[PDB]
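Below you'll find only one chain, the form solved without the ligand, shown as structure tokens.
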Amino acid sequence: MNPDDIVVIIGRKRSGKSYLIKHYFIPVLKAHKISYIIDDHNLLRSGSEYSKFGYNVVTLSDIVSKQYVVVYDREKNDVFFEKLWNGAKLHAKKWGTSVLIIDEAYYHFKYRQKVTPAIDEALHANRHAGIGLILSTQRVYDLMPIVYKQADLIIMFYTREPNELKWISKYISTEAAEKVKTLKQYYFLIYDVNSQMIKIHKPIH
């Protein structure tokens, strides 16, 4: 197992996307002892919804000891992402290939005129860093078109919005836009960017 590819997952709240990430992707990585870092921006006072999947790294001991990491991003900042990314590259030096999971990728990967060096590395040199990416977002146009060009896999849950379908067809795949509107609840469509193939998946157990 060497997960250094880029997966984008698109789905609204309650689409079932959270279950796919938290009850499939993260547990599979843990099971195969693949390290990961989760970037979470959801300030709940009960704390991160990802707290059971990893540790908040604070001390020197944490730095060398904690393979599964949760980061609370209060900043949602380009300054923050450079630290997160530079940190992840070193995390992979320590633990081997690692996966950076971004819970609401809009904050870092939304449209910007001047794309920061780290974001550029994330999208164009991720396999050199040994960092796979899972970018989660609610709506397809939340993210720069370049993200979908650079992705290996694009996972989509049902959407009705005409704005979304036309965006999908324009920037990703017309066939995907056609089949996404046919998805039953919790079903998800997977577009493989490298094979140009679309598969519909049944809901996770």
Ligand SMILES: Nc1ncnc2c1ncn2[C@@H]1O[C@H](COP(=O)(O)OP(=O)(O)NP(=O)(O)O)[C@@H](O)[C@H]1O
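Each residue number is its position in the shown sequence, starting from 1.
K.L.:
Between 71-79 and 85-93, which has the larger average Cα B-factor in the PDB entry?
P.N.:
Comparing 71-79 with 85-93, the higher average CA B-factor belongs to 71-79.
K.L.:
Name the higher of the two by mean Cα B-factor in the PDB entry, 41-49 versus 22-30.
P.N.:
Per the PDB entry, the higher value belongs to 41-49.
K.L.:
For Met197, return the chain-relative third of its C-alpha B-factor as stated in the PDB record: lowest, middle or highest.
P.N.:
Answer is highest: the recorded C-alpha B-factor places it there.
K.L.:
Can you work out whether the C-alpha temperature factor of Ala118 puts it in the lowest, middle or highest third of the chain?
P.N.:
Within its chain, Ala118 is a highest-third residue by C-alpha B-factor, going by the deposited values.
K.L.:
Within this chain's modelled residues, let me know which third the CA B factor of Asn163 belongs to: lowest, middle or highest.
P.N.:
Highest third - that is where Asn163 ends up once the chain's C-alpha B-factors are sorted.
K.L.:
Ranking every modelled residue in this chain by its Cα temperature factor as given in the entry, which third contains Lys66?
P.N.:
Lowest third, going by the recorded CA B-factors of the chain.
K.L.:
Lowest, middle or highest third: which one holds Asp142 when the chain's residues are ordered by CA B-factor from the entry?
P.N.:
Middle third of the chain for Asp142's C-alpha B-factor.
What follows is about the form deposited with the ligand bound, which we do not show.
K.L.:
Three or more ligand atoms within 2.4 Å of the backbone or C-beta would mean blocked. So with the ligand superimposed as it binds in the deposited bound form, which is it here, open or blocked?
P.N.:
The pocket is open.
K.L.:
Flag this candidate site as yes only if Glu49, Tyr186 and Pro203 all have a heavy atom within 4.5 Å of the ligand in the deposited bound form; otherwise mark no.
P.N.:
Each of the three qualifies.
K.L.:
My question is simply whether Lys181 lines the interface with the ligand in the deposited bound form - judged by any non-hydrogen atom within 4.5 Å.
P.N.:
No, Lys181 stays farther than 4.5 Å from the ligand in the deposited bound form.
K.L.:
Can you tell me which residues in 14-53 come within 4.5 angstroms of the ligand in the deposited bound form, by heavy atoms?
P.N.:
Read in sequence order, the residues that approach the ligand (within 4.5 Å, in the deposited bound form) are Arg14, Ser15, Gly16, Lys17, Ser18, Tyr19, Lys22, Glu49.
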